[PDB]
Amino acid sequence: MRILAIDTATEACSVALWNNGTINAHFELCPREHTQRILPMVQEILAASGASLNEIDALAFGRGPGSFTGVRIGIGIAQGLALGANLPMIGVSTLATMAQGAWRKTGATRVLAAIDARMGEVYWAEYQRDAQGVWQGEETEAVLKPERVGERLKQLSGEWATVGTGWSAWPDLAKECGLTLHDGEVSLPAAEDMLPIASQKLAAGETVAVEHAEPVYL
């Protein structure tokens, strides 16, 4: 089947289409104005793989956390796209997406995701890929102050890969914790990494109707 993923949760916007494993994706840093770029990206990606919106089985959307406005804009477009085509929707975490990206690029299986939320906050998550490739640790997603993150890091063990803008925003985090951290090579989520996660949810039937697609509230 086919899965179309869309992400506009952060400073970047991206689209990806999954077709029996074969991926078609596009990623670009999105200005303070995302909306104007999604639709064209979507139509390009669909055309590239010779697919119609009505031929897609599910539409994966970025449920955040991240930009309050950006996350909601993306969900809005996604719903529009899914409603007009009667498509089931799949919410995917921005933090989990970056973790999958770390696995894709560096083979990391334990990811500490930290997003530099404005005004001194950070969106945090501790993700660990299990044997079936499902990222465990969604219950750890939270919005914390740098200080509490530093506190959290002292309770962790084993090695981890770091992903997200939060690390460069608060360089003391990786420095003061006694953990062995590796660079996940992921600063921002990419729709292409949303696909593997959306597919596993589809396989389990964890989808939502258009009217129930919403942003995560941490």
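Throughout, we count residues from 1 along the sequence that is shown.
If you take the mean CA temperature factor per stretch, which one wins between 168 to 176 and 188 to 196?
Looking at the recorded C-alpha B-factors, 168 to 176 comes out higher on average.
Of 80 to 88 and 106 to 114, the stretch whose C-alpha atoms average the higher B-factor in the entry
For C-alpha atoms only, the mean B-factor is higher in 80 to 88.
Largest Cα B-factor, entry values, listed residues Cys13, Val208, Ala25, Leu202:
If I rank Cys13, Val208, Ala25, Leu202 by C-alpha B-factor, first place goes to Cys13.
Determine which member of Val149, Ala58, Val42, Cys30 has the highest CA B-factor, using the values in the deposited entry.
Among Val149, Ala58, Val42, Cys30, the highest C-alpha B-factor in the entry belongs to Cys30.
Considering every modelled residue of the chain and its Cα B-factor in the PDB entry, is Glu121 in the lowest, middle or highest third?
For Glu121, whose C-alpha B-factor we compare with every modelled residue in the chain, the answer is the highest third.
Please place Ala51 in the lowest, middle or highest third of its chain by C-alpha B factor as given in the entry.
It falls in the top third of the chain.
Quick check for you: using the entry's CA B-factors within this chain, is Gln132 in the lowest, middle or highest third?
Highest third, going by the recorded CA B-factors of the chain.
Looking at the temperature factor on the CA atom of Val163, which third of the chain's modelled residues does it land in?
Lowest third.
Chain-relative CA temperature factor third for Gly62
For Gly62, whose C-alpha B-factor we compare with every modelled residue in the chain, the answer is the middle third.
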